[PDB]
S.K.: 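To start, I am sharing the structure in question, which I have written as structure tokens.
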Protein chains: 2
Amino acid sequence: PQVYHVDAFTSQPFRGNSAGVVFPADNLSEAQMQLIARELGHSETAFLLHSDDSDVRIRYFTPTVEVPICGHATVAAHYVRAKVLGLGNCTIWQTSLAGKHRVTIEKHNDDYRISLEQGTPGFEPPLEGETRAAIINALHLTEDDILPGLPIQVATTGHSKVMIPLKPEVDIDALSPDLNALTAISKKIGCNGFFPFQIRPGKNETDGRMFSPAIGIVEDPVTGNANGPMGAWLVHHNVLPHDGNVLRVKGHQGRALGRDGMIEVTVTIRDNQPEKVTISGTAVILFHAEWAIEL
Amino acid sequence: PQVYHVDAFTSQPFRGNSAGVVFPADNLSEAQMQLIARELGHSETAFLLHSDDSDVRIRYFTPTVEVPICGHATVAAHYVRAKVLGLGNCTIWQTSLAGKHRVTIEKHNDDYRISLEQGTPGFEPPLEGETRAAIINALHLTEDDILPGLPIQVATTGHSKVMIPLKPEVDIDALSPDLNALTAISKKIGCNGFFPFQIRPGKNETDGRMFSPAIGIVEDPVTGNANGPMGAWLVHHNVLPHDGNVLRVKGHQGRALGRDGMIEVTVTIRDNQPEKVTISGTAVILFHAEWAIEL
């Protein structure tokens with residue numbers, strides 16, 4: 001029984017999004033898992049369990065509550081598991097609270113990249129009138145800062161987020177929103193995260209920040225559930241040119257926090273609509289240890 | 001270069017006040033120590049360094065800033081150091097930004113107790129009028145709940161706290177303070193922490209809670225710089241009987257957080273006043289490891 005401290009969506013130590021990984025977590029109760037996640041203090045800790053109906057079952061806990069699948073924690077978990085079991089190029093099936101998920105492992109020069117297929121892409125009607133203006137004013141921007149001819153709009157591949165497309169000229173790192181205003185807007189529109197992003201001039205690459213004060217996370221460093229839908233939204237609205245039937249976007253997040261990370265978003269396209277979204281990233285293990293106490 | 005994860009002021013895993021301990025830290029810069037402290041996410045991480053004017057130097061970092069000294073981190077550090085070096089019953093001097101402090105290490109039953117001698121006890125003029133009323137109201141109490149004829153006041157042995165003496169009848173675990181009100185009080189009085197405490201009937205034994213929302217810590221599990229001054233306060237205001245040489249109080253803190261800890265406070269007495277305050281506790285190492293990355 002070991003604990004691993006992992007920075008996900010980065011190969012640079014102390015960057016990315018940190019997660020704990022514990023295994024084997026078989027015969028740990030729900031309450032012991034919750035206690036260990038509280039103790040480690042990461043946004044999430046993944047606990048790896050044996051499964052007879054899948055390759056592996058993962059349970060995910062914040063310091064206070066069990067959650068369903070989490071992108072960065074899932075990357076961390078499979079990165080650890082690949083490294084410990086010495087996997088090569090493999091497809092793995094994992095179970096969680098949220099059912100079954102397809103995970104891919106790619107090995108290149110003794111390092112690993114983990115891919116996760118997300119749920120079905122979807123969009124809600126664009127936010128207009130007072131709700132739009134209130135979101136823009138919560139970021140202390142004006143309508144001139146928004147990418148022309150594109151909506152502020154809830155997008156999802158499983159956990160919904162508000163897309164806020166910004167012009168390249170906007171200083172996204174200087175953004176300091178009204179957190180209480182965003183929290184109020186989240187209850188009305190029923191969406192707990194806001195995702196302002198911009199596109200690097202000329203490239204299929206982006207820079208975003210994810211603010212979710214309603215749920216108690218002021219800002220998450222690197223968010224698969226924002227970057228995935230963003231890639232889907234980019235196809236849906238024909239914002240980026242693509243050859244073939246795939247859009248590949250390199251999403252950057254976490255720079256203002258001093259926790260830069262990179263998610264590769266691959267979107268398969270059917271009749272110019274997003275069909276499937278896959279997110280990819282690597283990780284770095286800072287340290288790992290056997291527990292010095294009986295659990 | 002190793003990292004230890006320690007719960008201080010307890011022998012029970014997952015209780016007490018957790019701290020990180022890193023050593024040797026001699027080839028780390030200030031920036032690296034700060035990043036490590038941020039990464040571990042403990043309220044404090046202690047870094048153990050060679051000293052040229054004492055037995056050991058310690059630097060203390062929260063996730064955001066360097067601090068002069070802290071009790072639970074000091075206990076963690078010397079506990080780890082005692083385990084790693086196989087020390088016996090030793091009295092040593094440590095150096096920090098707070099200066100030179102005397103640390104005692106005691107070995108009983110293959111385990112260790114660490115004592116730290118704090119600074120000189122100090123007591124400011126009692127808080128009265130609107131300020132006293134504001135503090136009581138922010139705890140959702142009334143004047144009937146405060147230990148009769150005793151002041152609410154800033155007291156200190158190194159880092160000041162507001163002493164709030166409650167009747168033993170008050171349900172201290174049920175307190176849920178107006179944190180915005182405490183934050184505004186802290187700014188007016190120039191003190192960031194509030195320490196409601198009560199005395200167990202017939203015993204030299206206390207229960208307390210330390211709230212410090214002004215600095216982004218809603219509640220601290222076990223605070224040496226609150227329990228120390230509390231011990232001194234009890235002598236200064238003639239609250240508990242004693243022989244006249246020493247008063248020993250067993251302080252408890254952290255129960256409502258599910259992070260129960262204990263801190264022994266020893267106060268030497270001269271002319272019916274507190275002269276010298278020592279705090280003591282044990283600790284438990286949850287795990288430790290060499291860093292897997294180059295620092």
Side-chain angles (χ1 to χ4, degrees), chain A residues 5 14 18 38-42 63 286-287, chain B residues 1-10 13-25 28-49 56-82 94-99 101 103 114-116 118-119 157-161 192-193 195 210-228 253-254 257 259 261 263 279-288 291:
Chain A
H5 186 126
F14 310 115
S18 78
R38 191 188 66 175
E39 191 63 32
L40 301 181
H42 301 109
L286 303 196
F287 59 84
Chain B
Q2 280 213 85
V3 47
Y4 279 74
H5 184 130
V6 187
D7 298 324
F9 293 121
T10 186
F14 308 116
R15 309 303 165 192
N17 206 342
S18 79
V21 178
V22 173
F23 68 84
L28 308 170
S29 63
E30 158 154 61
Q32 293 176 292
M33 290 180 271
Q34 185 64 86
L35 269 177
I36 288 167
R38 190 182 66 165
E39 192 63 28
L40 296 180
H42 305 282
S43 50
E44 264 98 349
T45 292
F47 294 85
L48 305 190
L49 297 150
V56 62
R57 171 180 185 195
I58 305 185
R59 291 178 78 166
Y60 304 79
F61 288 83
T62 81
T64 47
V65 77
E66 190 167 10
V67 296
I69 185 162
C70 196
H72 70 113
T74 297
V75 167
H78 286 280
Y79 182 88
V80 167
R81 182 163 178 283
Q94 69 158 233
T95 293
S96 69
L97 298 182
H101 295 271
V103 176
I114 313 299
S115 301
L116 171 67
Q118 298 185 320
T157 54
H159 194 215
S160 75
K161 303 288 179 274
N192 294 320
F195 190 63
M210 211 292 284
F211 299 100
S212 48
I215 58 153
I217 314 269
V218 168
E219 185 175 2
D220 188 56
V222 198
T223 315
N225 276 146
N227 285 273
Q253 193 188 330
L257 286 166
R259 292 208 74 117
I263 180 163
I279 58 159
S280 292
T282 187
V284 53
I285 292 158
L286 297 198
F287 56 88
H288 67 93
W291 290 86

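Below, each value reflects all heavy atoms present in this structure, side chains not excepted, and no hydrogens, waters or symmetry copies. The sequence lines fix the lettering, A, B, ..., with proteins before strands; numbering per chain opens at 1.
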S.K.: B/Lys161 and B/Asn225: which non-hydrogen atoms are nearest, and at how many Å?
M.R.: CG-O, 3.3 Å

S.K.: Between B/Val284 and B/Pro13, which heavy-atom pair has the shortest distance, and what is it?
M.R.: CG1-N, 4.0 Å

S.K.: Among B/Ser18, B/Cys70, B/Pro63, which residue satisfies the side-chain contact (heavy atoms from CB on, under 4.5 Å) criterion with B/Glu44?
M.R.: B/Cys70

S.K.: Would you compute the distance between atom CG of B/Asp7 and atom NE2 of B/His42 and round it to the nearest 0.5 angstrom?
M.R.: 9.0 Å

S.K.: Using the test side chain to side chain contact (heavy atoms under 4.5 Å, CB included), find all partners of B/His288 that sit at least two apart in sequence or belong to another chain.
M.R.: B/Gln2, B/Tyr4, B/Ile285

S.K.: Do other residues, nucleotides or ligands put more than 12 heavy atoms under 6.0 Å from B/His159 NE2?
M.R.: no

S.K.: Using 0.5 Å steps for rounding, measure from the CG atom of B/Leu40 to the CG atom of A/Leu40.
M.R.: 10.5 Å

S.K.: Backbone N or O of B/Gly158 within a donor-acceptor pair of the B/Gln118 side chain at under 3.5 Å?
M.R.: no

S.K.: Which residues pass the side chain to side chain donor-acceptor pair (under 3.5 Å) test with B/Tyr79, sequence neighbours left out?
M.R.: B/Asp111

S.K.: If you take all heavy atoms of B/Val21 and B/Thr45, which pair is closest and at what distance?
M.R.: N-CG2, 4.4 Å

S.K.: Just by distance, do the side chain of B/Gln253 and the backbone of B/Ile263 share a donor-acceptor pair under 3.5 Å?
M.R.: no

S.K.: Main chain of B/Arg15, side chain of B/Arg259: is a donor-acceptor contact present, judged purely on distance under 3.5 Å?
M.R.: yes

S.K.: Please determine whether side chain to side chain contact (heavy atoms under 4.5 Å, CB included) holds for the pair B/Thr223 and B/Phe195, giving the CA-CA distance in whole Å, both sets of side-chain angles, and the decisive distance to 0.1 Å.
M.R.: CA-CA 9 Å; B/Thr223 315; B/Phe195 190 63; 5.6 Å; no

S.K.: Can you give me the closest heavy-atom contact between B/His78 and B/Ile58, atom names plus distance?
M.R.: NE2-CD1, 3.7 Å

S.K.: Can you tell me how the ring of B/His5 sits relative to the ring of B/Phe287, calling it parallel under 30°, perpendicular over 60° and tilted otherwise?
M.R.: tilted

S.K.: Answer yes or no: is there a donor N or O on one side and an acceptor on the other, between the side chain of B/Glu219 and the main chain of B/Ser212, under 3.5 Å?
M.R.: no

S.K.: Please round to the nearest 0.5 Å and tell me the distance separating atom OG1 of B/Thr74 and atom NE2 of B/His101.
M.R.: 8.5 Å

S.K.: Shortest non-hydrogen contact from B/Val75 to B/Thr282?
M.R.: CG1-O, 3.7 Å

S.K.: For the backbone of B/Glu30 and the side chain of B/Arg59, can you confirm whether one donor and one acceptor N or O come within less than 3.5 Å of each other?
M.R.: no

S.K.: Run the numbers on B/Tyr60 and B/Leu97 for side chain to side chain contact (heavy atoms under 4.5 Å, CB included), then give the verdict.
M.R.: CA-CA 9 Å; B/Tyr60 304 79; B/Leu97 298 182; over 6 Å; no

S.K.: Taking all atoms of both residues into account, what is the closest heavy-atom pair of A/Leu286 and B/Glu39, and its distance?
M.R.: CD1-CG, 3.5 Å

S.K.: Can you confirm whether B/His72 sits close enough to B/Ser43 that some side-chain heavy atom of one is under 4.5 Å from a side-chain heavy atom of the other?
M.R.: yes

S.K.: Could you grab the distance from atom CZ of B/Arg81 to atom CG of B/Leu48, nearest 0.5 Å is fine?
M.R.: 7.5 Å

S.K.: Is A/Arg38 reaching over with its side chain to a backbone N or O of B/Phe14, donor-acceptor style, under 3.5 angstrom?
M.R.: yes

S.K.: When rounded to the nearest 0.5 angstrom, what is the spacing between CD1 in B/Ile217 and OG1 in B/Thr62?
M.R.: 7.0 Å

S.K.: Who passes side chain to side chain contact (heavy atoms under 4.5 Å, CB included) against B/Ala214, sequence neighbours left out?
M.R.: B/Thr183, B/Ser186, B/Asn192

